[PDB]
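Count along the sequence shown starting at 1, add 10, and that's the number in the authors' numbering.
Single-structure report; data block below.
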Amino acid sequence: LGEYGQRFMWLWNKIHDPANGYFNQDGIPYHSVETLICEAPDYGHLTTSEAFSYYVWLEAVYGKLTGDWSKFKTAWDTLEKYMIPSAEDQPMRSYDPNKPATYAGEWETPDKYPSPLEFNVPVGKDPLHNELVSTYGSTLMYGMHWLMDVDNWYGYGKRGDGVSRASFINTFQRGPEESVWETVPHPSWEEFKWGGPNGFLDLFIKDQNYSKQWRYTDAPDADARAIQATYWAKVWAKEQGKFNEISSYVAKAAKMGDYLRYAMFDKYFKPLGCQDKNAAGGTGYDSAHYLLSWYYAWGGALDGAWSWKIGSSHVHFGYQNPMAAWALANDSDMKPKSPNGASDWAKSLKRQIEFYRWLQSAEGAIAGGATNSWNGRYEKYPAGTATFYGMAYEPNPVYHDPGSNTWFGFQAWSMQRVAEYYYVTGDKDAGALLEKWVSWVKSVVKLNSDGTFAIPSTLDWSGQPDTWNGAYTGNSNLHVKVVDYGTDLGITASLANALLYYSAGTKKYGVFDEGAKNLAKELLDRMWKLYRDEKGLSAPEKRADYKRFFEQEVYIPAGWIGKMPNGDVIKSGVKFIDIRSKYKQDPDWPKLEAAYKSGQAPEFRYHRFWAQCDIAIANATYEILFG
Ligand SMILES: OC[C@H]1O[C@@H](O[C@H]2[C@H](O)[C@@H](O)[C@H](O[C@H]3[C@H](O)[C@@H](O)[C@H](O)O[C@@H]3CO)O[C@@H]2CO)[C@H](O)[C@@H](O)[C@@H]1O
């Protein structure tokens with residue numbers, strides 16, 4: 011084991027050291043060691059399917075370096091036990107594939123919700139349902155719900171029991187301007203035990219009456235990451251003569267991939283390009299965009315009177331995963347058991363690669379994405395809108411303030427997967443896409459003379475690509491700008507990881523790009539030199555946005571009154587902290603308050619679980635490819 015594999019082991023040891031507190035008492039990883047953090051989850055001991063996917067990934071690499079596949083198996087075991095809803099959590103009955111859901115608009119601001127159901131709006135057909143049921147013999151949807159309250163901090167428990175750990179919750183529901191600060195956290199299982207008279211439902215969806223019900227939301231990027239990780243575990247185990255220990259677990263990734271196809275469809279199964287909410291619904295695959303959209307979701311009445319499934323009309327390049335798609339399409343170990351699963355993934359692979367290329371800026375960074383539902387209401391695109399198989403270009407799909415593609419992180423996370431795919435296949439389009447993007451990366455990363463480094467933090471965009479017709483035009487009017495710089499260590503490591511796979515590819519298939527290998531190695535070494543600490547690695551970050559703890563009003567309709575499980579009153583006027591008063595018991599609360607009352611930006615050195623994973627994985631990757 012070389013220097014870099016040893017680097018992985020040390021961080022792995024930190025991560026798995028019970029005293030460091032990366033995991034709860036059940037072995038579920040938290041979002042971060044530190045509880046006082048707000049960014050996508052709003053509390054550090056929540057967890058995400060993202061974290062679970064990174065957990066699978068870390069252990070897959072451990073198996074590679076180690077020959078020991080127990081960690082990978084227990085990772086998967088935990089994932090399936092807690093993060094995928096069980097038969098009891100999702101008792102789906104009376105699903106209609108010809109009427110998968112009923113439509114509701116999306117609106118520009120949270121104060122426009124609850125969104126009214128519109129019962130006359132045509133909805134298309136779900137062509138997956140029957141095939142899946144036939145294949146698996148079950149109505150259970152095999153995907154991770156995205157958000158978990160690991161230690162029941164909020165207090166909803168499981169299935170409304172108020173007590174259990176590993177509690178399913180949700181937050182984001184109120185359109186493109188509901189920031190992490192502007193949500194009302196609510197249980198996935200709704201029995202009206204909390205909130206108002208109709209639980210939390212009528213903050214979000216307006217109906218004539220309300221039924222007790224469950225609903226879950228998949229984050230397609232996380233499920234695909236897990237599949238991606240399992241692909242590598244599969245080839246690594248095979249290399250060692252250990253495939254058989256893992257076989258039933260590659261089967262988990264295969265089945266997860268089978269259900270992940272829901273991410274490939276328009277929200278309400280409307281035809282691509284329809285631009286009319288009153289247009290008739292699609293009849294099958296005419297509503298598939300074949301990309302990994304922002305979510306899929308599914309729900310059911312507790313009494314079993316009905317159920318529903320939706321995809322998403324909004325697609326971000328940051329979610330795509332050609333490695334997982336390739337694996338599911340082409341690798342005989344990974345192919346889903348359904349008749350059309352592998353075929354659908356072959357279509358998605360090609361469509362994804364076209365999407366990346368279509369979105370590539372004049373400089374080389376990848377632009378945001380596209381939607382099949384302009385303003386989330388199937389409206390007519392403005393004149394001159396660039397399109398991709400009938401979908402409209404959006405610089406910032408889904409979230410507009412701040413825009414979802416203003417975060418540099420997606421460049422790394424997503425291009426890392428393309429880089430893997432190119433390494434595996436030599437795909438010329440991926441190679442060309444990566445070469446331009448690497449060129450851009452090399453031009454914006456700062457390797458300072460004094461041994462420090464900075465990576466882009468925030469990006470800004472202007473123009474649009476040329477409408478897609480199968481060939482990259484150079485997109486000379488689509489521009490990126492680096493707004494500012496930071497030392498996000500998770501993203502730094504991810505970026506190193508992508509650069510290394512690309513480099514290994516060019517050696518295997520073209521002219522070895524040594525410069526890319528060296529850029530990555532520098533990032534990994536300068537980081538190792540500078541940022542190690544007791545629990546792993548961390549870099550200081552000021553979080554001036556944390557004034558929103560105290561200042562951010564949460565929209566609540568006039569006259570609507572409810573309560574959180576801890577007794578916090580939910581009504582018009584409440585602040586972020588008013589519906590989360592347990593935050594006041596946080597060890598770092600005095601620090602936050604002192605910073606705030608003194609008008610100063612509090613400063614943190616966080617250990618985010620995914621970030622520590624990316625660091626560990628990136629170092630191991632150098633060993634694996636250049637060892
Ligand atoms: O939603 C995408 C993922 O975001 C992750 O958090 C990021 C925050 O969104 C981002 O604002 C923050 O940026 C830091 C940066 O790390 C730091 O170097 C700089 O000094 O300050 C910025 C804060 O203004 O970084 C993190 C990126 O890790 C979540 O961790 C993740 O769950 C989520 O998917």
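C-beta: ideal position from N, C-alpha, C; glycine also.
Residue i Cβ short of 8 Å to ligand 1 heavy atom set
{"i": "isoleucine 627", "result": "no"}
{"i": "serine 467", "result": "yes"}
{"i": "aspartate 498", "result": "yes"}
{"i": "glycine 419", "result": "yes"}
{"i": "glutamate 551", "result": "yes"}
{"i": "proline 612", "result": "no"}
{"i": "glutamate 49", "result": "yes"}
{"i": "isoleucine 501", "result": "yes"}
{"i": "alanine 621", "result": "yes"}
{"i": "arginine 536", "result": "no"}
{"i": "residue 6", "result": "In the structure displayed, the chain extends from 11 to 637; residue 6 sits before or after that span and is not available."}
{"i": "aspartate 543", "result": "no"}
{"i": "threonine 435", "result": "no"}
{"i": "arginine 175", "result": "no"}
{"i": "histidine 26", "result": "no"}
{"i": "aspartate 555", "result": "yes"}
{"i": "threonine 58", "result": "yes"}
{"i": "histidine 41", "result": "yes"}
Distance between residue j and residue i (C-alpha atoms, nearest Å)
{"i": "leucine 211", "j": "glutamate 524", "result": "55 Å"}
{"i": "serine 221", "j": "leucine 312", "result": "8 Å"}
{"i": "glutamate 603", "j": "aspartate 535", "result": "36 Å"}
{"i": "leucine 21", "j": "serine 449", "result": "31 Å"}
{"i": "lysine 527", "j": "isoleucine 376", "result": "21 Å"}
{"i": "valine 66", "j": "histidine 41", "result": "14 Å"}
{"i": "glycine 170", "j": "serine 177", "result": "9 Å"}
{"i": "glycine 209", "j": "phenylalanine 398", "result": "40 Å"}
{"i": "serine 63", "j": "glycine 378", "result": "23 Å"}
{"i": "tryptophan 117", "j": "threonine 193", "result": "15 Å"}
{"i": "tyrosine 482", "j": "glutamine 474", "result": "13 Å"}
{"i": "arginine 271", "j": "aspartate 341", "result": "17 Å"}
{"i": "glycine 167", "j": "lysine 491", "result": "45 Å"}
{"i": "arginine 590", "j": "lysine 517", "result": "53 Å"}
{"i": "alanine 243", "j": "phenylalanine 253", "result": "9 Å"}
{"i": "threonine 381", "j": "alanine 298", "result": "12 Å"}
{"i": "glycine 436", "j": "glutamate 445", "result": "13 Å"}
{"i": "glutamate 551", "j": "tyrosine 495", "result": "12 Å"}
{"i": "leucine 282", "j": "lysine 390", "result": "12 Å"}
{"i": "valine 455", "j": "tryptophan 478", "result": "30 Å"}
{"i": "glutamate 544", "j": "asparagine 23", "result": "11 Å"}
{"i": "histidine 489", "j": "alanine 393", "result": "20 Å"}
{"i": "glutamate 188", "j": "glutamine 250", "result": "48 Å"}
{"i": "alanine 396", "j": "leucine 469", "result": "21 Å"}
{"i": "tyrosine 259", "j": "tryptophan 417", "result": "33 Å"}
Endpoints, alpha helix (DSSP H) assigned at residue i
{"i": "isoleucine 501", "result": "499-519"}
{"i": "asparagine 140", "result": "139-146"}
{"i": "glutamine 218", "result": "Careful: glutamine 218 lies outside any alpha helix (DSSP H) and carries neither H nor E."}
{"i": "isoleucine 25", "result": "13-26"}
{"i": "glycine 496", "result": "That residue, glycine 496, is in no alpha helix (DSSP H); its beta strand (DSSP E) goes 489-496."}
{"i": "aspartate 268", "result": "253-270"}
{"i": "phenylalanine 636", "result": "619-636"}
{"i": "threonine 57", "result": "Counting along the chain, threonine 57 falls outside any alpha helix (DSSP H), though it belongs to the beta strand (DSSP E) covering 56-58."}
{"i": "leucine 534", "result": "524-540"}
{"i": "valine 43", "result": "Segment: none, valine 43 is in no alpha helix (DSSP H) and carries neither H nor E."}
{"i": "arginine 427", "result": "419-435"}
Integer Cβ distance of residue i from residue j, believed to fall under 8 Å
{"i": "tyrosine 306", "j": "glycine 321", "result": "5 Å"}
{"i": "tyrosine 295", "j": "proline 137", "result": "6 Å"}
{"i": "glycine 37", "j": "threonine 88", "result": "5 Å"}
{"i": "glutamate 430", "j": "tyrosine 14", "result": "Not quite, the Cβ-Cβ distance comes to about 18 Å (not below 8 Å), so this is no contact."}
{"i": "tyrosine 241", "j": "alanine 334", "result": "7 Å"}
{"i": "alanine 114", "j": "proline 95", "result": "Contact doesn't hold; Cβ gap of about 22 Å is too wide."}
{"i": "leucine 150", "j": "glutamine 100", "result": "6 Å"}
Start and end residues, beta strand (DSSP E) containing residue i
{"i": "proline 230", "result": "Taken as a continuous stretch (DSSP letters only), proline 230 belongs to no beta strand (DSSP E), being part of the alpha helix (DSSP H) at 230-250."}
{"i": "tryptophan 450", "result": "First-last for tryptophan 450: 438-454, but that is the alpha helix (DSSP H), not the beta strand (DSSP E)."}
Residue i: CB within 8 Å of a non-hydrogen atom of ligand 2
{"i": "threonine 227", "result": "Absence of ligand 2 is noted for the structure shown, with ligand 1 being the only ligands found."}
- Item | 4 or more residues per run - each alpha helix (DSSP H) lying fully within the stretch 309-351 | 332-340
- Message: List, from N- to C-terminal side, the alpha helix (DSSP H) runs of 4 residues or more that fit wholly inside the stretch 553-604.
- Response: 558-561
- Message: Restricting to runs no shorter than 4 residues, where is the alpha helix (DSSP H) found entirely within the stretch 125-197?
- Response: 139-146
- Can you list the beta strand (DSSP E) stretches of 3 or more residues lying completely in the stretch 373-401, in chain order? 379-381
- Message: Could you tell me which whole beta strand (DSSP E) segments of length 3 or greater appear in the stretch 454-481?
- Response: 463-472
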